[PDB]
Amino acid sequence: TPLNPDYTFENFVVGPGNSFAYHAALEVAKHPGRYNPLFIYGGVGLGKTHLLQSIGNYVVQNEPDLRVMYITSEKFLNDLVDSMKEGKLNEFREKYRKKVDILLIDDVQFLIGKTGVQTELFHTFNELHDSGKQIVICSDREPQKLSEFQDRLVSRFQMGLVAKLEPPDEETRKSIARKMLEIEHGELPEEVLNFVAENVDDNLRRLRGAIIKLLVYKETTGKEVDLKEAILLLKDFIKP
């Protein structure tokens, strides 16, 4: 149960592009089991992971005694592979069903082609679901657009909530960048913050990247960040 201290509902700025996703997520965490399952989808750096673990953290705090499980489709892959090699299929099934009340799986696009794993995940889903265990799945693609995927699994993804994250607008981006700073206990000029939150618009992974890059500079160069200086430092965040 090692979740990220930052990935919480409170450090999530809401905006037209992520509002619905954020509420579904929050709602699911307030009533684990009521809406099974929750499948969040969106492109890179849009809050999937962050949102996914918030459900985790929120539940760890308001439902102290409740087995919460976060995981990457990839680990679900790597763990199975071993289950087969090491020979203990049980240990695996005990770990991902018998001993979980809430199961959060991130980046499911990793299972494309991996029909092997796809099959085992399928049942894990059904057993957890038939016993009211909350399931949440994050994907960089929507159920349909998920290539090389077992229809039965895919149709399992839809029988619940389906929310889509979309990149935020400039106004909302600046707010995210500001809340990003708090979390890093940093600080920047009200003209640098702007320039960054206005030109590092690919995704939020890079937005934070830049905001940290600068902080690292303000660490070494004890002086400070000058708008011009920032632009030199952030070359690879405007045209990668």
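Residue numbers run from 1 along the displayed sequence.
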> On average, are the C-alpha B-factors higher in 195-203 or in 47-55?
Replying inline: 195-203
> For the C-alpha atoms alone, is the average B factor greater in 118-126 or in 134-142, going by the entry?
Replying inline: 118-126
> From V68, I211, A29, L38, can you pick the one with the highest C-alpha B factor in the entry?
Replying inline: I211
>> Ranking the modelled residues of this chain by C-alpha B-factor as given in the entry, is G33 in the lowest, middle or highest third?
In response: middle
>> Can you tell me whether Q109 has a C-alpha B-factor in the lowest, middle or highest third compared with the other modelled residues of the same chain?
In response: lowest
> Is the Cα B-factor recorded for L89 in the lowest, middle or highest third of its chain?
Replying inline: highest
> Mind checking which third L227 falls in for C-alpha B-factor across the chain?
Replying inline: middle
> Which third, lowest, middle or highest, does the CA B-factor of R178 fall in along this chain?
Replying inline: middle
